[PDB]
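Contents: one structure, followed by commentary.
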Amino acid sequence: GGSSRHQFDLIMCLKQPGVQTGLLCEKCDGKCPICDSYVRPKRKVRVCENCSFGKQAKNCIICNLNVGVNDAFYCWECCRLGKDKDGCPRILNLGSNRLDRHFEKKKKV
Ligand SMILES: [Zn+2]
Ligand SMILES: [Zn+2]
Ligand SMILES: [Zn+2]
């Protein structure tokens, strides 16, 4: 099941997490970086030092643009599966289309 056109394309940084916690902008607030399903959290996401000392530290990890306000938490489901154990949860895949394929009269995000 899966391993095809159900990837989600969660291309994330996945390096070695540092001390700096991954911040979410209110627009991605509540979203689990690994899956995005507004489900029970568990542990604050740690961004890799490469990102911490790489300018992209305070800015939201999910939409890597707007500054983050709340630390992201890995959802229990991702923790159970063991996706969080990979590393830095910075979403890289997101160049545009914050979610799905709709801006719907909201600039783009
Ligand atoms: Zn998750
Ligand atoms: Zn990183
Ligand atoms: Zn965001």
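As shown in the structure tokens, the chain order sets the letters A, B, ...; within each chain, residues go from 1, and ligands are also counted from 1 in the order they appear.
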(message) Which residues are close to residue 7 of chain A, i.e. within 12 Å by only C-alpha atoms, leaving aside same-chain residues fewer than 3 positions away? Reply as a ChimeraX atom specification.
(response) /A:1-4,10-11,34-35,93
Output of the above residues as a tab-separated table (two decimals), in the first residue's frame, restricted to N, CA and C atoms:
chain	number	residue	atom	x	y	z
A	1	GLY	N	0.83	-1.23	0.00
A	1	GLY	CA	0.00	0.00	0.00
A	1	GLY	C	0.85	1.25	0.00
A	2	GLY	N	0.51	2.19	-0.86
A	2	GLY	CA	1.28	3.41	-0.98
A	2	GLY	C	2.54	3.21	-1.80
A	3	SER	N	3.62	3.87	-1.40
A	3	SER	CA	4.90	3.78	-2.10
A	3	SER	C	4.72	4.12	-3.58
A	4	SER	N	3.95	5.16	-3.83
A	4	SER	CA	3.62	5.58	-5.18
A	4	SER	C	2.99	6.98	-5.17
A	10	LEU	N	6.58	15.11	1.20
A	10	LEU	CA	7.09	15.79	2.37
A	10	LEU	C	8.63	15.86	2.38
A	11	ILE	N	9.20	16.35	1.28
A	11	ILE	CA	10.65	16.51	1.18
A	11	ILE	C	11.14	17.47	2.25
A	34	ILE	N	5.51	16.59	9.44
A	34	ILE	CA	5.71	15.30	8.79
A	34	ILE	C	4.48	14.88	7.95
A	35	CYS	N	3.28	15.24	8.39
A	35	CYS	CA	2.07	14.73	7.73
A	35	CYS	C	0.99	15.80	7.53
A	93	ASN	N	10.13	20.98	0.07
A	93	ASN	CA	9.33	20.74	-1.13
A	93	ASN	C	8.47	21.94	-1.48
Within 12 Å of ligand 3, counting only C-alpha atoms and all ligand atoms, which protein or nucleic acid residues do you find, written as a compact mmCIF listing (two decimals) with N, CA, C and O atoms, in the first residue's frame?
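The file below, result_6.txt, is the result:
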# COMPACT_ATOMS: atom_id res chain seq x y z
N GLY A 22 11.90 24.21 15.87
CA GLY A 22 11.25 24.62 14.65
C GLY A 22 9.96 25.38 14.90
O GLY A 22 9.03 24.86 15.50
N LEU A 23 9.93 26.63 14.45
CA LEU A 23 8.78 27.49 14.66
C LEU A 23 7.79 27.42 13.49
O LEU A 23 8.18 27.34 12.33
N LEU A 24 6.51 27.50 13.82
CA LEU A 24 5.45 27.54 12.83
C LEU A 24 4.80 28.91 12.81
O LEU A 24 4.41 29.43 13.85
N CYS A 25 4.55 29.42 11.61
CA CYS A 25 3.75 30.62 11.47
C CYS A 25 2.30 30.24 11.76
O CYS A 25 1.94 29.08 11.61
N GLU A 26 1.51 31.19 12.23
CA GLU A 26 0.12 30.92 12.62
C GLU A 26 -0.66 30.28 11.47
O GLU A 26 -1.64 29.57 11.70
N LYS A 27 -0.22 30.53 10.25
CA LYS A 27 -0.87 30.01 9.06
C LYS A 27 -0.63 28.50 8.90
O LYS A 27 -1.45 27.79 8.32
N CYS A 28 0.44 27.98 9.50
CA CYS A 28 0.69 26.55 9.49
C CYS A 28 0.65 26.01 10.92
O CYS A 28 1.15 24.93 11.21
N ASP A 29 0.10 26.81 11.81
CA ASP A 29 0.05 26.46 13.22
C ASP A 29 -0.88 25.28 13.45
O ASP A 29 -2.01 25.26 12.96
N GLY A 30 -0.38 24.28 14.17
CA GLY A 30 -1.16 23.09 14.43
C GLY A 30 -0.83 21.96 13.48
O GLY A 30 -1.08 20.79 13.78
N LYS A 31 -0.26 22.31 12.34
CA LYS A 31 0.12 21.32 11.35
C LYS A 31 1.33 20.53 11.81
O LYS A 31 2.35 21.10 12.20
N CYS A 32 1.27 19.22 11.65
CA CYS A 32 2.43 18.38 11.89
C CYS A 32 3.31 18.41 10.65
O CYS A 32 2.84 18.14 9.55
N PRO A 33 4.58 18.83 10.78
CA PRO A 33 5.48 18.99 9.63
C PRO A 33 5.58 17.73 8.78
O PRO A 33 5.81 17.80 7.58
N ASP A 36 0.88 16.73 8.48
CA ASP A 36 -0.15 17.78 8.44
C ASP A 36 -1.55 17.18 8.55
O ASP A 36 -2.19 16.88 7.54
N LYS A 58 14.20 31.14 12.58
CA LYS A 58 12.98 31.61 13.21
C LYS A 58 11.79 31.49 12.27
O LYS A 58 10.65 31.36 12.71
N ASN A 59 12.04 31.59 10.97
CA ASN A 59 10.96 31.52 9.98
C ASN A 59 10.31 30.15 10.01
O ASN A 59 10.96 29.14 10.26
N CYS A 60 9.00 30.15 9.78
CA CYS A 60 8.18 28.95 9.79
C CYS A 60 8.81 27.82 8.98
O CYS A 60 9.33 28.03 7.89
N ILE A 61 8.86 26.65 9.59
CA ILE A 61 9.51 25.50 8.99
C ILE A 61 8.68 24.88 7.88
O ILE A 61 9.22 24.25 6.97
N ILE A 62 7.36 25.00 7.98
CA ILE A 62 6.47 24.38 7.01
C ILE A 62 6.40 25.18 5.71
O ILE A 62 6.49 24.60 4.63
N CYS A 63 6.25 26.50 5.78
CA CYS A 63 6.16 27.29 4.56
C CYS A 63 7.40 28.14 4.34
O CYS A 63 7.40 29.01 3.47
N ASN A 64 8.47 27.83 5.09
CA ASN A 64 9.79 28.50 5.00
C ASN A 64 9.74 29.91 4.39
O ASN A 64 10.38 30.18 3.37
N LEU A 65 8.98 30.79 5.01
CA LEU A 65 8.80 32.13 4.48
C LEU A 65 8.42 33.09 5.59
O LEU A 65 9.21 33.95 5.98
N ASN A 66 7.23 32.91 6.13
CA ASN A 66 6.75 33.74 7.23
C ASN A 66 7.39 33.28 8.53
O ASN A 66 7.59 32.09 8.73
N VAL A 67 7.77 34.22 9.38
CA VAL A 67 8.42 33.91 10.65
C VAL A 67 7.49 33.08 11.54
O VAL A 67 6.27 33.26 11.54
N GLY A 68 8.07 32.09 12.21
CA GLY A 68 7.29 31.19 13.04
C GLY A 68 7.04 31.75 14.42
O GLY A 68 7.88 32.45 14.98
N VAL A 69 5.87 31.45 14.97
CA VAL A 69 5.49 31.93 16.28
C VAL A 69 5.43 30.80 17.31
O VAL A 69 5.85 30.97 18.46
N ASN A 70 4.88 29.66 16.92
CA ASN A 70 4.74 28.53 17.84
C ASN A 70 5.60 27.37 17.39
O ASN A 70 5.58 27.01 16.22
N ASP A 71 6.30 26.75 18.32
CA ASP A 71 7.11 25.58 18.02
C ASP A 71 6.23 24.45 17.52
O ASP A 71 5.19 24.16 18.12
N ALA A 72 6.65 23.80 16.45
CA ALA A 72 5.92 22.67 15.91
C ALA A 72 6.13 21.44 16.76
O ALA A 72 7.21 21.21 17.29
N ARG A 90 12.09 20.61 8.47
CA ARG A 90 11.88 21.74 7.58
C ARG A 90 11.38 21.28 6.23
O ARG A 90 12.06 20.52 5.53
N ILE A 91 10.21 21.77 5.85
CA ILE A 91 9.64 21.46 4.56
C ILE A 91 10.37 22.21 3.45
O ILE A 91 10.43 23.44 3.45
N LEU A 94 8.07 22.69 -0.47
CA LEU A 94 7.13 23.77 -0.65
C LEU A 94 7.78 24.99 -1.29
O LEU A 94 8.30 25.87 -0.60
N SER A 96 5.69 26.61 -3.73
CA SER A 96 4.42 27.30 -3.80
C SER A 96 3.31 26.29 -3.48
O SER A 96 3.61 25.12 -3.22
N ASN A 97 2.06 26.74 -3.47
CA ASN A 97 0.92 25.87 -3.16
C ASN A 97 1.02 25.32 -1.74
O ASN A 97 1.33 24.15 -1.53
N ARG A 98 0.82 26.22 -0.77
CA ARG A 98 0.95 25.89 0.66
C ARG A 98 0.21 24.61 1.05
O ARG A 98 0.69 23.83 1.87
N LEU A 99 -0.90 24.34 0.38
CA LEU A 99 -1.63 23.10 0.57
C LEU A 99 -2.58 22.87 -0.59
O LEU A 99 -3.16 23.82 -1.13
N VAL A 109 -1.46 32.57 -0.21
CA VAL A 109 -1.44 32.05 1.13
C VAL A 109 -1.89 33.16 2.08
O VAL A 109 -1.70 34.35 1.72
(message) Show me which residues line ligand 1, defined as having an atom within 12 Å of a ligand atom where only C-alpha atoms and all ligand atoms count, and present them as number ranges by chain.
(response) A: 8, 10, 30-45, 72-85, 89
(request) Step one, run DSSP on the backbone; step two, keep only residues of chain A assigned to alpha helix (DSSP H); then write them as a PyMOL selection string. (result) chain A and resi 49-52+76-81
(request) Counting only C-alpha atoms and all ligand atoms, name the residues that have an atom within 6 Å of an atom of ligand 2; the answer should be given as a list in words. (result) residues 13, 15, 47, 48, 50, 51, 88 and 90 of chain A
I need the residues from that last selection saved to file as a PDB file, in the first residue's frame (with C-alpha atoms), if you can.
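Here's the written file again.pdb:
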ATOM      1  CA  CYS A  13      15.619  18.703   5.430  1.00  0.00           C
ATOM      2  CA  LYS A  15      19.587  16.510   8.988  1.00  0.00           C
ATOM      3  CA  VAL A  47      15.609  21.974  13.327  1.00  0.00           C
ATOM      4  CA  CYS A  48      19.074  20.906  12.267  1.00  0.00           C
ATOM      5  CA  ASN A  50      22.467  23.797   9.477  1.00  0.00           C
ATOM      6  CA  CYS A  51      19.089  25.542   9.508  1.00  0.00           C
ATOM      7  CA  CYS A  88      15.078  18.286  10.730  1.00  0.00           C
ATOM      8  CA  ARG A  90      11.880  21.742   7.584  1.00  0.00           C
TER       9      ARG A  90
END
(message) For the strand (DSSP E or B) assignment from backbone DSSP, which residues of chain A qualify? Please present them as a list in words.
(response)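 DSSP on the backbone gives strand (DSSP E or B) at residues 12, 17, 18, 19, 20, 21, 23, 24, 42, 43, 44, 46, 47, 48, 59, 67, 70, 71, 73, 74, 75 and 91 of chain A.
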Using the selection just defined, write its residues with C-alpha atoms as a JSON list (two decimals), in the first residue's frame.
[["chain", "number", "residue", "atom", "x", "y", "z"],
["A", 12, "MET", "CA", 12.10, 17.69, 4.45],
["A", 17, "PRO", "CA", 18.60, 18.54, 14.83],
["A", 18, "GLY", "CA", 20.23, 21.22, 16.96],
["A", 19, "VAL", "CA", 18.92, 23.14, 19.95],
["A", 20, "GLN", "CA", 16.80, 25.66, 18.04],
["A", 21, "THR", "CA", 13.17, 24.55, 17.92],
["A", 23, "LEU", "CA", 8.78, 27.49, 14.66],
["A", 24, "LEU", "CA", 5.45, 27.54, 12.83],
["A", 42, "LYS", "CA", 3.99, 14.80, 21.42],
["A", 43, "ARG", "CA", 7.37, 16.52, 21.08],
["A", 44, "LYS", "CA", 8.70, 19.85, 19.80],
["A", 46, "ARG", "CA", 14.17, 20.42, 16.46],
["A", 47, "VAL", "CA", 15.61, 21.97, 13.33],
["A", 48, "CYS", "CA", 19.07, 20.91, 12.27],
["A", 59, "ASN", "CA", 10.96, 31.52, 9.98],
["A", 67, "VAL", "CA", 8.42, 33.91, 10.65],
["A", 70, "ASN", "CA", 4.74, 28.53, 17.84],
["A", 71, "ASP", "CA", 7.11, 25.58, 18.02],
["A", 73, "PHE", "CA", 5.21, 19.34, 17.52],
["A", 74, "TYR", "CA", 5.62, 15.94, 15.91],
["A", 75, "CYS", "CA", 2.21, 14.29, 16.00],
["A", 91, "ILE", "CA", 9.64, 21.46, 4.56]]
(request) Between atom CA of residue 108 of chain A and atom CA of residue 53 of chain A, measure the distance and give it in Å to one decimal. (result)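 Distance between the two atoms: 28.6 Å.
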